[PDB]
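Trainee: Below are the C-alpha cells for one structure; questions will follow.
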Amino acid sequence: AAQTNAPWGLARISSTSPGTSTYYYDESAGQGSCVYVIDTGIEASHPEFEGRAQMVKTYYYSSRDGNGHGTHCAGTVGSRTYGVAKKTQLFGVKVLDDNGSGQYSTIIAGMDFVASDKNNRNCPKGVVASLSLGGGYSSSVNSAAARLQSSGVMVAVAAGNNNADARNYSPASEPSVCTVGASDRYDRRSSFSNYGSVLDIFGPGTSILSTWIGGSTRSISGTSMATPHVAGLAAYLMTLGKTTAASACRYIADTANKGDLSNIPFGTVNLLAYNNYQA
Ligand SMILES: [Ca+2]
Ligand SMILES: [Ca+2]
C-alpha cells in the first residue's frame, strides 16, 4: 500500500533515501498488534484513530488527554494518516499530567500496569509499549522498563532531548529496551537528540506532524516523536511475523538504513528505522 504526501517521517522509514513523500507499507499495517502509549493519554475520539484507540488506565483525576503529547505520539504509532501501523490497536496509559510531567513512581506503576494488562487484551501479533518520556537516571525506572521488556512487550523509549549522552537518562539508559534517537528530514541527527552507545536506533524526530487534542493536528519535535515511529514500526513488523517483542529492536537495527545519518557522534549507532517494504 502507498500513502501519497505522507508526513516526511512515514515516507522516510519506507525509503532508503531522504526526500520522498510517499509512505509505502504492507496493507496488514499492524493489524492484530497492540501498542500501549504510556504518556499524557490519548484523545480516543479523534477521527484519525477510527475507533482503534482507547484509554485503559489513568493515574490522575481524568483519563482525558489535556496536554496533547500522548495523542500526538499515539497518532504517530497508528493514526490513519500520521501513523506507522495504521491498523493497530492503541491503548493509552496516562502516567503524565496535563502539563506533561509525572512522578517516577507513577511511571513505574504504569509500566507494571502494561506488563499485566496485556494479559487481558487481544494482541495475537504482539504487544508494544511506546515510552515518549524521559528524566534523569533512575535504577528503578530502568528496572521497570526491563520488567516491561522481559514480560514480553516491545519497549521503545526516547533517548532524550538533552543533546547529551543518553546513559544519564531513564528509561533511555536501560540496555534491554529499544532506546530511540531522533533525526530530521535531511538525515541529520536532531540537534536536540541524545546520543551514546546505549542508543539502538534512530527515527524521525524533528517536525513530526500527527494528531492533537481537540480533533486537530500539529507538528512538533523530539526524540519523544521518534519513539512512536519505532514503536509503530515494531508493531507493523510483528504483525508481518518477521519479528517478536523480544527480538524487534534487534531486528529493526539489523534492517535499518546504515550510515545514512550525519552528525552521529563516534560510538553512537548510525541506524535509521526502515520498514524494508518492497511493493
Ligand atoms: Ca541510503
Ligand atoms: Ca537496547
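Quick note: numbers on chain A are straight from Swiss-Prot, i.e. 106-384, in order.
When the header is checked for method, it gives electron crystallography, 2.0 Å.
Keep in mind that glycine also has a Cβ here, set from the backbone N, Cα and C atoms.
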Trainee: Looking at Swiss-Prot, which one out of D217, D222, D305 binds Ca(2+) 1 in the same site as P280, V282?
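Mentor: The candidate from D217, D222, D305 that Swiss-Prot ties to Ca(2+) 1 along with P280, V282 is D305.
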Trainee: From the candidates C178, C354, select the one that Swiss-Prot records as forming a disulfide bond with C283.
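Mentor: Swiss-Prot says the disulfide from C283 goes to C354.
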Trainee: For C228, which disulfide partner does Swiss-Prot record out of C139, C178?
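Mentor: When Swiss-Prot is consulted, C228 turns out to be bridged to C139.
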Trainee: Between the Cα atoms of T121 (Ca(2+) 2 binding site) and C354 (disulfide bond), find the distance and write it as a whole number of Å.
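Mentor: Just about 19 Å between their Cα atoms.
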Trainee: Should we count any of the recorded positions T121, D144, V282, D365 as near ligand 1, judged by a CB under 6 A from one of its atoms, and which?
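Mentor: Only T121, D365 qualify.
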Trainee: By CA distance, which of the recorded positions (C139, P280, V282, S329) lies nearest to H174 (active site, charge relay system)?
Mentor: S329
Trainee: Can you tell me how far the Cα of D144 (active site, charge relay system) sits from the Cα of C354 (disulfide bond), in Å?
Mentor: 20
Trainee: Which of these binding-site residues is closest to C354 (disulfide bond) if you go by CA atoms: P280, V282, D365?
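Mentor: If we rank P280, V282, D365 by Cα distance to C354 (disulfide bond), first place goes to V282.
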